[PDB]
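Protein chains in written order, with PDB author numbering: chain B, 1003 to 1092; chain D, 1003 to 1092. Ideal Cβ placement from N, Cα and C applies to all residues, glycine included. What follows is a short report on a single structure.
Number of protein chains: 2
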Amino acid sequence: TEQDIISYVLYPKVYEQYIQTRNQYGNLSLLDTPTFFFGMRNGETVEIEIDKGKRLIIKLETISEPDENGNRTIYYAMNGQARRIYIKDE
Amino acid sequence: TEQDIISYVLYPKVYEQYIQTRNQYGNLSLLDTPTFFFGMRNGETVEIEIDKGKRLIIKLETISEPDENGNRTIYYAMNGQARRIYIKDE
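Structure below.
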């Protein structure tokens, strides 16, 4: 967009670092502030309002202990489907 | 059976308690001894030998934290099928 163009011109390092984040996590602005800053508790259900009549219902069921590589398994449910995500514990 | 009859006569209370356990847990004698005494560690696979050729394959993935009413959730895989159980932590 034209908005992309002056944005880059105005903030080259920042804007690229923004697009890098967008590529990794999608549109974070949709998240509620508590979720944005703190994530989710065990057993919590969060509803992310994407757009008119479309939303992500997410339940965090449990986080596992880290494997030998320091990776944790997160057991999620999202829109009625079981889901497993791996995060490296820093 | 006649065996029930004489076993109850010999050990009334113990026999009655044996039936309660059989009703609750089934045939424990099939489990291997270390599993009978200790259960399973996370990431472990245990094979219960029933009739030759057929075996129960149980994998323990994780155990969640205790929820508000003291129940932990165990995430199993049984014969390659995801499975959840609730246990009271005492």
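Asked                                                                                            : Found
Simplified DSSP state of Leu1032(D), which is helix, strand or coil                              : helix
Beta-ladder partner(s) of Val1048(D), from DSSP                                                  : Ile1060(D)
Test: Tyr1077(B) CB closer than 8 Å to a CB of chain D                                           : yes
Nearest residue (CA-CA) to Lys1056(B), options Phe1038(B), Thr1064(B), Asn1081(B) and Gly1072(B) : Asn1081(B)
C-alpha gap between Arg1086(D) and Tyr1077(B), whole angstroms                                   : 12 Å
Burial state of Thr1075(D) (16 or more Cβ within 10 Å)                                           : buried
Partners in chain D for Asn1071(B), counting only beta-carbon separations shorter than 7 Å       : Within 7 Å Cβ-Cβ: nothing; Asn1071(B) doesn't reach chain D, min ~13 Å.
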